[PDB]
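One structure below.
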Amino acid sequence: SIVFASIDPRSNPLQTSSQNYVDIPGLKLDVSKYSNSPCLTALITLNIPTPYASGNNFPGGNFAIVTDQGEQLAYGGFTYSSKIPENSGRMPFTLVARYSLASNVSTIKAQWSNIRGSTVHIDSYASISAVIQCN
Amino acid sequence: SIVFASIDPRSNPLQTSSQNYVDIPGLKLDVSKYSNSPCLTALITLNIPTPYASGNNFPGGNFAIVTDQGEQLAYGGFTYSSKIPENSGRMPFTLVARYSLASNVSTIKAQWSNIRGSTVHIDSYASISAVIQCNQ
Amino acid sequence: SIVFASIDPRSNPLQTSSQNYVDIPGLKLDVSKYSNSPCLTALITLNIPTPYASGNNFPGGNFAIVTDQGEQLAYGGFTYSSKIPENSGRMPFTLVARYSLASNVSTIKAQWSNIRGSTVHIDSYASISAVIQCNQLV
Amino acid sequence: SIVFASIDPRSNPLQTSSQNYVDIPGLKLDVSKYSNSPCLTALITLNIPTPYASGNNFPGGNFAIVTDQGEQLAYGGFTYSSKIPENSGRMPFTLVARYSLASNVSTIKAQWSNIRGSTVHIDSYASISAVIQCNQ
Amino acid sequence: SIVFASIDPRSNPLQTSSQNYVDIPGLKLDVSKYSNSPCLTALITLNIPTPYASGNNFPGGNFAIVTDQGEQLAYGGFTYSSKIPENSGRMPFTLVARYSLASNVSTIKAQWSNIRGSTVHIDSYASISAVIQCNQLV
Amino acid sequence: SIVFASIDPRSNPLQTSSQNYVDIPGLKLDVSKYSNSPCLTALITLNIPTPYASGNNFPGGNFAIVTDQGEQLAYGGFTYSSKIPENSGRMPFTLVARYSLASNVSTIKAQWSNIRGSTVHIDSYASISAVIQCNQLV
Ligand SMILES: CC(=O)N[C@@H]1[C@@H](O[C@@H]2O[C@H](CO)[C@H](O)[C@H](O[C@H]3O[C@H](CO)[C@H](O)[C@H](O)[C@H]3O)[C@H]2O[C@@H]2O[C@@H](C)[C@@H](O)[C@@H](O)[C@@H]2O)[C@H](O[C@@H]2O[C@@H](C)[C@@H](O)[C@@H](O)[C@@H]2O)[C@@H](CO)O[C@@H]1O
Ligand SMILES: CC(=O)N[C@@H]1[C@@H](O[C@@H]2O[C@H](CO)[C@H](O)[C@H](O[C@H]3O[C@H](CO)[C@H](O)[C@H](O)[C@H]3O)[C@H]2O[C@@H]2O[C@@H](C)[C@@H](O)[C@@H](O)[C@@H]2O)[C@H](O[C@@H]2O[C@@H](C)[C@@H](O)[C@@H](O)[C@@H]2O)[C@@H](CO)O[C@@H]1O
Ligand SMILES: CC(=O)N[C@@H]1[C@@H](O[C@@H]2O[C@H](CO)[C@H](O)[C@H](O[C@H]3O[C@H](CO)[C@H](O)[C@H](O)[C@H]3O)[C@H]2O[C@@H]2O[C@@H](C)[C@@H](O)[C@@H](O)[C@@H]2O)[C@H](O[C@@H]2O[C@@H](C)[C@@H](O)[C@@H](O)[C@@H]2O)[C@@H](CO)O[C@@H]1O
Ligand SMILES: CC(=O)N[C@@H]1[C@@H](O[C@@H]2O[C@H](CO)[C@H](O)[C@H](O[C@H]3O[C@H](CO)[C@H](O)[C@H](O)[C@H]3O)[C@H]2O[C@@H]2O[C@@H](C)[C@@H](O)[C@@H](O)[C@@H]2O)[C@H](O[C@@H]2O[C@@H](C)[C@@H](O)[C@@H](O)[C@@H]2O)[C@@H](CO)O[C@@H]1O
Ligand SMILES: CC(=O)N[C@@H]1[C@@H](O[C@@H]2O[C@H](CO)[C@H](O)[C@H](O[C@H]3O[C@H](CO)[C@H](O)[C@H](O)[C@H]3O)[C@H]2O[C@@H]2O[C@@H](C)[C@@H](O)[C@@H](O)[C@@H]2O)[C@H](O[C@@H]2O[C@@H](C)[C@@H](O)[C@@H](O)[C@@H]2O)[C@@H](CO)O[C@@H]1O
Ligand SMILES: CC(=O)N[C@@H]1[C@@H](O[C@@H]2O[C@H](CO)[C@H](O)[C@H](O[C@H]3O[C@H](CO)[C@H](O)[C@H](O)[C@H]3O)[C@H]2O[C@@H]2O[C@@H](C)[C@@H](O)[C@@H](O)[C@@H]2O)[C@H](O[C@@H]2O[C@@H](C)[C@@H](O)[C@@H](O)[C@@H]2O)[C@@H](CO)O[C@@H]1O
């Protein structure tokens, strides 16, 4: 089966300047129906196709896939190659993780954090999805 | 099940300077066999791993996944951080969408468009794919 | 079904300055159990979310998904837009391939190579994965 | 997926002389996990391999597969050919039904009833089972 | 997937006195969508829980599962143990077959025939069903 | 997936006069590729549509589904309603069992036995089959 959530925060953009991972509003999968199933696995893709980060010390952004128990399943990020980008551009980002649905976890969600004091931004379509299969 | 299509236009590269989304030829999924199936869902991934864009006003490129009915399921894009890039580099791009196959849609395809008067280019492998599953 | 392999080489980072595609160690899928099956297909995703490349001639890195017979199923790469990047940044990379499991193939793996004498680097989480399906959905 | 329940009432045999269908205790399937799923169907098999019936007017027994909401999905039965059987023999019985899981039904279960005043008996292995599949 | 058909011919009971197999109307499965599919197999169950047969020479009935291309996949039947049953009773009957869906088969259906000049009867619920699966479980 | 075996012993009919269960040759399922799999379950149907039994003390026959590791999963049987049947009629028989494939089970198979000194006979089509599924459907 497929589980999927998307956002498209054009009218009210998202941002963070947190050094620690915080939730991206709306980018959460409800896996309730599949909880406590030791024979199922989720293959999870976080798709942030159009982020950017503002700042003046080689800015960038980090993303993670995290369970509701705080288990970080995967992480990665983008950064620019100049200390002060002229106009920080859009650096497409995708991240893939897996999770055994044996546990009571009912939500798998996206988080983000900054780097070197940046502010990370999302103002357009992004998604999180999973394919759930028998082991 | 899996549906899949790819291109590799090395010998005849693709380009667009269209401000409006237009088809990327060859990046189309035929989901005819699954149309009119309210119990099926497609999870669609557009993979353009090596695009670039030329131009002199912070060039970049936009991509979308669209149905044959004109439904835009997903969109996004890349851009450079310099007004006039020294040599516009390759900025990998992936986009993930979903579609309920309840409708009569028979084609799910990739589109592209420019930004700020750029020209977008593909000269190498790219793909569009879907996983089709029963809703439960 | 799902097949999955990840690496996270923080403590011992990986690098290559190979102009030819070479294996990324640890990013290999065993599909032996599914070989010689007209009836199955694999959708393979290589996810290198945080690579970079060092160099002074528009550096970058290339990646491929390949079979154990050396067949290149997919390829692509990233490059910087400056000749000598001030500090080569992280350029997320994903690649998607398909393989009919009709043949006698046993492994699907990731490879990488450099460009214009660069050195490509991975020092953090990366994965390769596949969804394997029957061509008939029942 | 498979759902299954069995009984083996050797020490405490089961019997009914009920003219109306009543439950066979223990031959019930919990399908709660699948309720409200318009894209799932259950194929249900009731297997009573060794029943008999006693009585004096062409005895026999009837069986049904029913939901918790009282819907009878299938029915059938066995009877003897003689008015008062010399010694009521074992007459194997199987019944197959189908049920869409679109509704809120939580239980699919077996029932039995008599015919012409008989008493129906089970004193050994019997089962109810279902295969649950996506419609597509 | 599941394919299923049932009848319940209470008002207009079905009967046959034919020694050769003839179709039981209404007990047919459309497998058109699955045909020409070497990767798929059907497991077919014919359930006739309440038949009887009338006659005066050890009556009974036979049933088969067959394809639209004339192929007999399974057969069997019931008979009574008395030459002239006092009142021919109900003798439950089930039959299970398998079929590869590699061929251009459109339909899998039930047939019946008599024995020793009997008349076979169905006047209540009966069904034919199949579970269709990939030969590979992924 | 589906596993299936059938026999059609017209030319050399099978019989048993054994009070103890013995294997019915040819009615065995190989589940070895699915064994040691706690996430898989088999639903097993034994279909003997046309058996009979000879004898003079209320004859009949018993059938069981069993594993190679001596587990009797299901059993049942038919009997006639007369001490000395005028002519041993055909009494259709089906039996359905379940098995978790978590164990090192290699085989699931049919057995038969007599009752009260009878001889049980099979001279036509019979089958044993299983549907194998993951415990959780997706
Ligand atoms: C080249 C550049 O940096 N431009 C800045 C302005 O941003 C652009 O503003 C326009 C609207 O005038 C538009 O919003 C652009 O984004 C759109 O396209 C991208 C894809 O490239 C995404 O799909 C967005 O969701 C779309 O809205 C936007 O440019 C994009 O963002 C900037 C930050 C760069 O990454 C650029 O390469 C991108 O193409 C900017 O406008 C302000 O910020 C934007 C995001 C929006 O909120 C506007 O309403 C704001 O005024 C401006 C002022 O800060 O500065 C530059 O000109
Ligand atoms: C550094 C740079 O910008 N170089 C320009 C030339 O492009 C390079 O040309 C070589 C052949 O001489 C080769 O085609 C390079 O691309 C190959 O590698 C990329 C991955 O990096 C892809 O896999 C391509 O499909 C491969 O062919 C090419 O560099 C790449 O493209 C440029 C646009 C940058 O994005 C760079 O970072 C990339 O590495 C360019 O050559 C002309 O354009 C290319 C695309 C090709 O059509 C050549 O045949 C053309 O001559 C040249 C003139 O336009 O300008 C620069 O030197
Ligand atoms: C801005 C820059 O290029 N800095 C260089 C140093 O790299 C940074 O070092 C810190 C630790 O001091 C940290 O390792 C940074 O990476 C972390 O963040 C990225 C995501 O951005 C990944 O998640 C990593 O796994 C994390 O560890 C690292 O910066 C990152 O890498 C460089 C190459 C750029 O791509 C930058 O934009 C990234 O943010 C660098 O340190 C040395 O190299 C790093 C990779 C690490 O191995 C350190 O232990 C090394 O000392 C330094 C010396 O070469 O040069 C710059 O200062
Ligand atoms: C031939 C006959 O009718 N026998 C009667 C007795 O029943 C048999 O008793 C033995 C024990 O001595 C045994 O229970 C028999 O059943 C076993 O085999 C059948 C399969 O044929 C089932 O698997 C049962 O679960 C098994 O236990 C039983 O015969 C069977 O039942 C009768 C009604 C007929 O259908 C016959 O053909 C069957 O083979 C009977 O014993 C009493 O009733 C049985 C059911 C049991 O409760 C015993 O404990 C009781 O003593 C006896 C007295 O009423 O009368 C006959 O002898
Ligand atoms: C004991 C016997 O043989 N009775 C004969 C009559 O048949 C019974 O008639 C009633 C009338 O409402 C009823 O139809 C009985 O069948 C019902 O129960 C069985 C299960 O046992 C099935 O589910 C049927 O679908 C139900 O309708 C019926 O008895 C059954 O059939 C006979 C042939 C035997 O097998 C018996 O053991 C069964 O229980 C018979 O009535 C006529 O025939 C029946 C089938 C029906 O068509 C009636 O409309 C007819 O009048 C009567 C005259 O031939 O002869 C006996 O009394
Ligand atoms: C000769 C032959 O093979 N005939 C087949 C049918 O079997 C015979 O069926 C009649 C039906 O009235 C009867 O049941 C026969 O057995 C009895 O009478 C014979 C002498 O005629 C002997 O005295 C037996 O001891 C009696 O029980 C029966 O023949 C026996 O079985 C067959 C299968 C051979 O093994 C044969 O050598 C035996 O003599 C057969 O009928 C079907 O099977 C029988 C056992 C019974 O269940 C019937 O109800 C069945 O319809 C038929 C269809 O299979 O094929 C031939 O006609």
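Each chain in the structure tokens gets a letter, A, B and so on, in the order shown; residues start at 1 in every chain, and ligands are counted from 1 in the order they appear.
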**OP:** Collect all residues with atoms no farther than 10 Å from ligand 6, counting only C-alpha atoms and all ligand atoms, and output them as a PyMOL selection string.
**Re:** (chain E and resi 57-62+76-83+114-116) or (chain F and resi 10+13+50-55+85-91+121-124)
Original post:
When the cut-off is 12 Å and we count only C-alpha atoms, which residues of chain B are near chain E, given as a ChimeraX atom specification?
Top reply: /B:1,33-34,134
Near-residue D:116 list (10 Å; only C-alpha atoms; drop same-chain fewer than 3 positions) as a PDB file with C-alpha atoms, in the first residue's frame:
```
ATOM      1  CA  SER D  17     -32.528 -29.032  17.682  1.00  0.00           C
ATOM      2  CA  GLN D  19     -35.521 -24.781  13.889  1.00  0.00           C
ATOM      3  CA  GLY D  55     -34.375 -38.013  14.119  1.00  0.00           C
ATOM      4  CA  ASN D  56     -37.381 -39.824  12.761  1.00  0.00           C
ATOM      5  CA  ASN D  57     -38.496 -37.895   9.669  1.00  0.00           C
ATOM      6  CA  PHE D  58     -35.678 -37.925   7.068  1.00  0.00           C
ATOM      7  CA  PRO D  59     -33.242 -36.141   9.408  1.00  0.00           C
ATOM      8  CA  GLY D  60     -30.541 -33.750   8.359  1.00  0.00           C
ATOM      9  CA  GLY D  61     -28.841 -30.493   9.209  1.00  0.00           C
ATOM     10  CA  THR D 119     -30.954 -32.989  16.147  1.00  0.00           C
TER      11      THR D 119
END
```
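Distances to chain A were evaluated for C:69, C:118, C:127, C:16 using only C-alpha atoms, and the minimum falls at C:127.
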Subject >> Distance filter 8 Å, only C-alpha atoms, chain A against chain C, as number ranges by chain >> reply: A: 41, 43, 74-83, 91-98, 133-135
Select residues of chain D: the criterion is any atom within 12 Å of an atom of chain B, counting only C-alpha atoms; output as a PDB file with N, CA and C atoms, in the first residue's frame.
```pdb
ATOM      1  N   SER D   1      -4.678 -12.056   2.896  1.00  0.00           N
ATOM      2  CA  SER D   1      -4.382 -12.582   4.245  1.00  0.00           C
ATOM      3  C   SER D   1      -5.430 -13.644   4.531  1.00  0.00           C
ATOM      4  N   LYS D  33     -10.424  -5.744  11.755  1.00  0.00           N
ATOM      5  CA  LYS D  33      -9.262  -5.026  11.241  1.00  0.00           C
ATOM      6  C   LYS D  33      -9.522  -4.587   9.792  1.00  0.00           C
ATOM      7  N   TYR D  34     -10.475  -5.255   9.116  1.00  0.00           N
ATOM      8  CA  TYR D  34     -10.722  -5.089   7.692  1.00  0.00           C
ATOM      9  C   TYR D  34     -12.031  -4.360   7.435  1.00  0.00           C
ATOM     10  N   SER D  35     -12.818  -4.104   8.479  1.00  0.00           N
ATOM     11  CA  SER D  35     -14.091  -3.400   8.328  1.00  0.00           C
ATOM     12  C   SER D  35     -13.904  -2.096   7.551  1.00  0.00           C
ATOM     13  N   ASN D  36     -14.970  -1.635   6.901  1.00  0.00           N
ATOM     14  CA  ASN D  36     -14.989  -0.324   6.273  1.00  0.00           C
ATOM     15  C   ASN D  36     -13.934  -0.199   5.169  1.00  0.00           C
ATOM     16  N   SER D  37     -13.684  -1.267   4.416  1.00  0.00           N
ATOM     17  CA  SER D  37     -12.648  -1.297   3.398  1.00  0.00           C
ATOM     18  C   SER D  37     -13.308  -1.709   2.090  1.00  0.00           C
ATOM     19  N   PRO D  38     -13.782  -0.734   1.300  1.00  0.00           N
ATOM     20  CA  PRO D  38     -14.577  -1.061   0.114  1.00  0.00           C
ATOM     21  C   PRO D  38     -13.779  -1.789  -0.959  1.00  0.00           C
ATOM     22  N   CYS D  39     -12.448  -1.749  -0.820  1.00  0.00           N
ATOM     23  CA  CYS D  39     -11.570  -2.395  -1.770  1.00  0.00           C
ATOM     24  C   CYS D  39     -11.079  -3.759  -1.301  1.00  0.00           C
ATOM     25  N   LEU D  40     -11.666  -4.331  -0.241  1.00  0.00           N
ATOM     26  CA  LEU D  40     -11.349  -5.699   0.186  1.00  0.00           C
ATOM     27  C   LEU D  40     -12.573  -6.594   0.084  1.00  0.00           C
ATOM     28  N   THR D  41     -12.321  -7.860  -0.249  1.00  0.00           N
ATOM     29  CA  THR D  41     -13.331  -8.893  -0.258  1.00  0.00           C
ATOM     30  C   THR D  41     -12.808 -10.130   0.477  1.00  0.00           C
ATOM     31  N   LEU D 101     -15.982  -6.229   2.171  1.00  0.00           N
ATOM     32  CA  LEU D 101     -15.715  -5.686   3.488  1.00  0.00           C
ATOM     33  C   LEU D 101     -15.941  -4.170   3.525  1.00  0.00           C
ATOM     34  N   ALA D 102     -16.808  -3.649   2.639  1.00  0.00           N
ATOM     35  CA  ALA D 102     -17.110  -2.219   2.602  1.00  0.00           C
ATOM     36  C   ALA D 102     -17.821  -1.732   3.850  1.00  0.00           C
ATOM     37  N   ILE D 132      -8.742 -13.009   2.401  1.00  0.00           N
ATOM     38  CA  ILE D 132      -9.053 -11.592   2.210  1.00  0.00           C
ATOM     39  C   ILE D 132      -8.102 -11.031   1.160  1.00  0.00           C
ATOM     40  N   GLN D 133      -8.678 -10.441   0.121  1.00  0.00           N
ATOM     41  CA  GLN D 133      -7.914  -9.935  -1.014  1.00  0.00           C
ATOM     42  C   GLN D 133      -8.399  -8.555  -1.422  1.00  0.00           C
ATOM     43  N   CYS D 134      -7.476  -7.779  -1.984  1.00  0.00           N
ATOM     44  CA  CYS D 134      -7.857  -6.534  -2.614  1.00  0.00           C
ATOM     45  C   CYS D 134      -8.592  -6.895  -3.877  1.00  0.00           C
ATOM     46  N   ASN D 135      -9.557  -6.051  -4.209  1.00  0.00           N
ATOM     47  CA  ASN D 135     -10.420  -6.321  -5.341  1.00  0.00           C
ATOM     48  C   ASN D 135      -9.601  -6.339  -6.639  1.00  0.00           C
ATOM     49  N   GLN D 136      -8.561  -5.491  -6.719  1.00  0.00           N
ATOM     50  CA  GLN D 136      -7.698  -5.385  -7.893  1.00  0.00           C
ATOM     51  C   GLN D 136      -6.343  -6.105  -7.683  1.00  0.00           C
TER      52      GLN D 136
END
```
**OP:** Write down as JSON, numbers by chain the residues belonging to stretch 13-103 of chain A that are assigned strand (DSSP E or B) by DSSP computed on the backbone.
**Re:** {"A": [14, 15, 16, 22, 23, 24, 25, 26, 27, 28, 29, 30, 40, 41, 42, 43, 44, 45, 46, 47, 48, 52, 53, 54, 60, 61, 62, 63, 64, 65, 66, 67, 72, 73, 74, 75, 76, 77, 78, 79, 93, 94, 95, 96, 97, 98, 99, 100]}
**OP:** Between atom CA of residue A:21 and atom CA of residue A:115, measure the distance and give it in Å to one decimal.
**Re:** 10.8 Å
Subject >> Distance-based interface of chain F with chain C, 12 Å, counting only C-alpha atoms, as a list in words >> reply: residues 1, 33, 134 and 138 of chain F
Mind writing the picked residues with N, CA and C atoms as a PDB file, in the first residue's frame?
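So the final result, stored in again32.pdb, reads:
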```pdb
ATOM      1  N   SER F   1       0.400 -16.811  -2.787  1.00  0.00           N
ATOM      2  CA  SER F   1       0.716 -17.821  -3.831  1.00  0.00           C
ATOM      3  C   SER F   1      -0.115 -19.079  -3.608  1.00  0.00           C
ATOM      4  N   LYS F  33      10.165 -23.911   0.490  1.00  0.00           N
ATOM      5  CA  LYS F  33      10.661 -22.573   0.160  1.00  0.00           C
ATOM      6  C   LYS F  33       9.982 -21.517   1.035  1.00  0.00           C
ATOM      7  N   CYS F 134       0.948 -13.570   3.402  1.00  0.00           N
ATOM      8  CA  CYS F 134       1.565 -12.866   4.504  1.00  0.00           C
ATOM      9  C   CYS F 134       0.492 -12.616   5.565  1.00  0.00           C
ATOM     10  N   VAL F 138      -1.159  -6.019   2.500  1.00  0.00           N
ATOM     11  CA  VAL F 138      -0.870  -4.690   1.984  1.00  0.00           C
ATOM     12  C   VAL F 138      -0.703  -4.774   0.455  1.00  0.00           C
TER      13      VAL F 138
END
```
